[PDB]
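Peer 1: In the authors' numbering, the protein residues as written are 2 to 251.
No residue lacks a Cβ here, since even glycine has one placed at the ideal position from N, Cα and C.
Quick one: the structure is below, and I'll ask about it shortly.
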Ligand SMILES: Cc1cc2c(cc1C)N(C[C@H](O)[C@H](O)[C@H](O)COP(=O)(O)OP(=O)(O)OC[C@H]1O[C@@H](n3cnc4c(N)ncnc43)[C@H](O)[C@@H]1O)c1[nH]c(=O)[nH]c(=O)c1N2
């Protein structure tokens with residue numbers, strides 16, 4: 002018998018998916034038990050989030066997964082993997098489609114909180130915004146048909162994408178605003194638009210980000226964005242920041 006002595010809030014997922022959507026990005030779909038397979042019953046949650054190890058080891062980390070508004074069970078994560086790295090090699094050498102991985106983390110992902118009807122900006126750094134984009138659409142389809150602003154950024158871009166996806170959101174409706182990050186990096190960029198988040202610093206000084214500010218990505222957008230706010234003055238009420246994946250956030 003395997004090890005078992007204290008497991009409250011864990012689920013079982015069968016590795017069947019695991020497709021490479023981008024150069025250093027992959028969408029893993031696991032379904033093997035009630036939670037993210039067939040008995041979890043989804044309906045669009047605040048970016049569901051848990052804690053799991055590649056093969057269940059115990060030295061990985063927590064990742065906010067997303068299924069979609071549908072009572073079934075399908076978790077899809079956007080992990081930034083780098084060929085020859087440390088997780089991408091182990092992902093294909095220990096996370097193939099012939100195994101079982103249990104996810105443990107009856108928790109949520111706090112980063113973007115809409116006040117109902119107000120211009121809010123959510124800047125996600127990277128592709129791990131999968132949960133971000135999921136929760137984003139939920140607000141618009143919920144009762145947030147107002148001005149919903151979203152900030153998307155990463156590296157050079159040739160390795161990333163989803164620009165048209167959010168762009169369509171802006172083209173769709175609800176006073177949407179899409180931010181164009183990246184300048185000329187390559188996948189190691191702390192921030193968004195070429196610069197030390199200086200642009201956002203001025204935005205506070207101007208007007209368009211304060212009431213509700215959502216930050217998703219590296220801890221930098223948290224350190225710098227939080228600094229500009231305290232340095233300038235831009236007093237916010239529904240402002241929130243989250244630390245996910247490497248560089249890509251303010
Ligand atoms: C609530 C919450 C929510 C999340 C997360 C945590 C928490 C608490 N995380 C973090 C989570 O731990 C996640 O699984 C890891 O940070 C992913 O790192 P790997 O272990 O996959 O590293 P991995 O070993 O794969 O390391 C990736 C490496 O790839 C290289 N690289 C990155 N981008 C590149 C590019 N464009 N071009 C070339 N090389 C590049 C870099 O050198 C980088 O260090 C996350 N993580 C995540 O990725 N997405 C998410 O959505 C979330 N969400």
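Put residue 20 into one of helix, strand or coil per three-state DSSP.
Peer 2: By one-based count along the chain shown, residue 20 stands at place 19. If DSSP states are grouped into helix, strand and coil, residue 20 belongs with the strands.
Peer 1: Could you tell me the alpha carbon to alpha carbon distance between residue 213 and residue 4, rounded to whole angstroms?
Peer 2: Start at 1 with the first residue of the chain shown, and residue 213 comes out as number 212. Start at 1 with the first residue of the chain shown, and residue 4 comes out as number 3. Each residue's alpha carbon lies about 45 Å from the other.
Peer 1: Beta carbon of residue 170, beta carbon of residue 198: below 8 Å?
Peer 2: By 1-based counting over the chain shown, the position of residue 170 is 169. By 1-based counting over the chain shown, the position of residue 198 is 197. Contact flag unset, no.
Peer 1: Taking 7 Å as the line, does the beta carbon of residue 223 fall inside it for any heavy atom of ligand 1?
Peer 2: Position 222 of the chain shown, counted from the start, is the residue given in the question as residue 223. No, since every heavy atom of ligand 1 falls outside the 7 Å radius drawn around the Cβ of residue 223.
Peer 1: Should residue 96 be listed as close to ligand 1, given that the test is whether its C-beta is under 7 Å from any heavy atom?
Peer 2: Taking the first residue of the chain shown as position 1, residue 96 is located at position 95. No - ligand 1 has no heavy atom lying nearer than 7 Å to the Cβ of residue 96.
Peer 1: Tell me whether the segment 35-54 and the segment 64-78 touch, counting them as touching only if at least three CB pairs, one residue from each stretch, are closer than 8 Å.
Peer 2: At 8 Å Cβ cutoff, the stretches touch.
Peer 1: Where does the unbroken beta strand (DSSP E) through residue 80 begin, and where does it stop?
Peer 2: Here residue 80 is taken as the residue at index 79 of the chain shown, counted from 1. It spans 76-80 - the beta strand (DSSP E) in which residue 80 sits, taken as one unbroken run.
Peer 1: Go ahead and pull the three-state DSSP assignment for residue 35.
Peer 2: Taking the first residue of the chain shown as 1, we reach residue 35 at position 34. Correct three-state label for residue 35: coil.
Peer 1: Between residue 24 and residue 193, how many whole angstroms is the CB-CB distance? I'm expecting something under 8 Å.
Peer 2: The residue labelled residue 24 in the question sits at position 23 within the chain shown. The residue labelled residue 193 in the question sits at position 192 within the chain shown. Actually they do not touch by this definition, with Cβ atoms about 19 Å apart.
Peer 1: Going by other Cβ atoms of all chains shown within 10 Å of its Cβ, with 16 needed for buried, is residue 92 buried or exposed?
Peer 2: As a position in the chain shown, residue 92 is number 91, starting the count at 1. Label assigned to residue 92: buried.
Peer 1: What span of residues does the alpha helix (DSSP H) with residue 59 cover, start to end?
Peer 2: What you label residue 59 is simply residue 58 of the chain shown in a count that begins at 1. Careful: residue 59 lies outside any alpha helix (DSSP H) and carries neither H nor E.
Peer 1: Taking a contact to mean a Cβ-Cβ separation below 8 Å, would you say residue 48 touches residue 101 in this structure?
Peer 2: Residue 48 sits at position 47 when you count from the first residue of the chain shown. Residue 101 sits at position 100 when you count from the first residue of the chain shown. In this structure, residue 101 does not lie closer than 8 Å to residue 48 by Cβ.
Peer 1: Would you identify the three-state DSSP class for residue 7, choosing helix, strand or coil?
Peer 2: Start at 1 with the first residue of the chain shown, and residue 7 comes out as number 6. Coil at residue 7, not helix or strand.
Peer 1: Report buried or exposed for residue 58, applying the criterion of at least 16 other Cβ atoms within 10 angstroms of its Cβ.
Peer 2: As a working mapping, residue 58 is identified with position 57 in the chain shown. Its Cβ having fewer than 16 others within 10 Å, residue 58 is exposed.
Peer 1: Below 6 Å CB to CB, which residues in the same chain sit around residue 63 once its five sequence neighbours on both sides are set aside?
Peer 2: As a position in the chain shown, residue 63 is number 62, starting the count at 1. Correct list, in chain order: 52, 106.
Peer 1: Mind listing, in chain order, the continuous alpha helix (DSSP H) runs of no fewer than 4 residues lying wholly within the segment 186-251?
Peer 2: With a minimum length of 4 residues, the continuous alpha helix (DSSP H) runs that stay inside the segment 186-251 are 199-207, 220-233.
Peer 1: Is the number of C-beta pairs between the segment 236-243 and the segment 114-122 that are closer than 8 Å three or more?
Peer 2: Yes, the segment 236-243 touches the segment 114-122.
Peer 1: Apart from the five residues on each side of it in sequence, which residues of its chain come closer than 7 Å, Cβ to Cβ, to residue 126?
Peer 2: Reading the chain shown from its first residue, position 125 is the one you call residue 126. Answer for residue 126: 154, 155, 193, 217, 218, 219, 222, 246, 248, 249, 250, listed in chain order.
Peer 1: Run through DSSP, which three-state label would residue 133 get?
Peer 2: Taking the first residue of the chain shown as 1, we reach residue 133 at position 132. Here residue 133 sits in helix by DSSP.
Peer 1: Is the CB-CB distance between residue 55 and residue 88 below 8 Å?
Peer 2: The count along the chain shown starts at 1 and reaches residue 55 at position 54. The count along the chain shown starts at 1 and reaches residue 88 at position 87. Contact: yes.
Peer 1: Residue range of the beta strand (DSSP E) that residue 108 falls in?
Peer 2: Counted from its first residue, the chain shown places residue 108 at position 107. Start and end: 101-108.
Peer 1: Does at least one heavy atom of ligand 1 sit under 7 Å from the Cβ of residue 215?
Peer 2: For the purposes of this step, residue 215 is taken as residue 214 along the chain shown, with counting starting at 1. No, the Cβ of residue 215 stays beyond 7 Å of every heavy atom of ligand 1.
Peer 1: Exposed or buried, which one is residue 108 when buried takes at least 16 other CB atoms within 10 Å?
Peer 2: Within the chain shown, residue 108 is the residue found at index 107, counting from 1. Per the 10 Å Cβ criterion, exposed.
Peer 1: Is residue 132 near ligand 1, judged by its Cβ being under 7 Å from some heavy atom?
Peer 2: Looking up residue 132 in the chain shown gives position 131. Yes, the Cβ of residue 132 comes within 7 Å of a heavy atom of ligand 1.
Peer 1: Can you find the residues in the same chain that come closer than 7 Å, C-beta to C-beta, to residue 136, ignoring five residues on each side of it along the sequence?
Peer 2: As a working mapping, residue 136 is identified with position 135 in the chain shown. 47, 48, 113, listed in sequence order.
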